[PDB]
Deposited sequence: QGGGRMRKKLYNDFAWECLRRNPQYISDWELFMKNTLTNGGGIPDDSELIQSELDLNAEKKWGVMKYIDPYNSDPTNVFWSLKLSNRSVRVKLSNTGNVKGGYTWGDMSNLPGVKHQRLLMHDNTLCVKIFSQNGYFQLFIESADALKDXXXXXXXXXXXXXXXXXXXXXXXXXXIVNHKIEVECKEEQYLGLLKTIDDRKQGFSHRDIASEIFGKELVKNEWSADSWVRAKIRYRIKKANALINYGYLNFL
């Protein structure tokens, strides 16, 4: 089952350029390569996506489950470097997924219903010694996992409506009602401007604005 929701992945998988990239990645691996890309191994093609989109591995954009969605250490604010486990990784209600990277570094994601956290490899982590710093909030976030976004997802729903063929007025009627739209829709109307603002907000998130959520 889908444990958690990755909002940045919901933005990225709706990017038309990423969808085109993934379909190209599938075609050259199914008809020009070794075949189908559980045992996650980052290839060279996947590292191109990490340097371009942020995900360490090309993930099917049709699937909302972010189990195999790993975010680059160069971008993630929910990752730590760990040196050398069974206690943290086997709580009834906490799952984990592993990924072997191109530089032979092992990334393990710890996730539950409250989010995810990535560990790049007892368990010891080198925390930067900065007095009165919010760098310790990473440990608090990991504890919350082992223990506006509803409006943001509604913006992505509007993008799904557009790509289905619905017009701005169609989406306006869906949100405000047929009677309100017939009475107020105009050239410089505020109902039209609100729907346009929904598109602009979501487009900015989809066109790499999701990077600011990592």
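Asker: Could you name the stretches of the deposited sequence that have no C-alpha atoms in this structure?
Answerer: Several regions go unmodelled: 1 to 7, 45 to 46, 94 to 104, 142 to 149, 176 to 185.
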